[PDB]
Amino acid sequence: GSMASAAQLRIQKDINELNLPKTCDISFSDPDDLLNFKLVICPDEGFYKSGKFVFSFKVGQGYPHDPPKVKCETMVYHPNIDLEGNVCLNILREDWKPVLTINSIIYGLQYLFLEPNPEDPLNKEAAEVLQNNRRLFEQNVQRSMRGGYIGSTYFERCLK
């Protein structure tokens, strides 16, 4: 590139205006690359209290027109995140609007751990257990976070 892309101008803007909860921490491997970074979420309440979850962000040249690409790198038992790391956050796909920011996404991500959404989940089993048996879900979360099996599926430990 000759000058700064429209995407680079915007991302610089958004990244500089983050008002994150204490449970979230953002990091850049390269201070010069604002298009790739990690977000770490360590809930301090809700079903996932004491856990540590890492998400990767990849901002494309189509940003803010195109929403950035986000994935969970921490295996977790959750209605809205599948074993592959895909994250079902409305504003990340069909509800994205150029007016939203990284700060917008981050708050969306952290809300998933405070109020998992059984509606349109990526892990239906996890969803069912959430509506059907509130507490069994709570136990599954605990076990899976410590590292353990649920059904024939093994969830790696992810406590902070």
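Numbers for residues come from their place in the sequence shown, where the first is 1.
Stretch comparison (127-135 versus 106-114) by mean CA B-factor in the PDB entry places 127-135 on top. Per the PDB record, of the two stretches 31-39 and 57-65, 57-65 carries the greater mean B-factor over its C-alpha atoms. Among the modelled residues of its chain, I11 has a C-alpha B-factor that falls in the middle third, as given in the PDB entry. Ranked against the other modelled residues of its chain, the C-alpha B-factor of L159 as given in the entry falls in the middle third.
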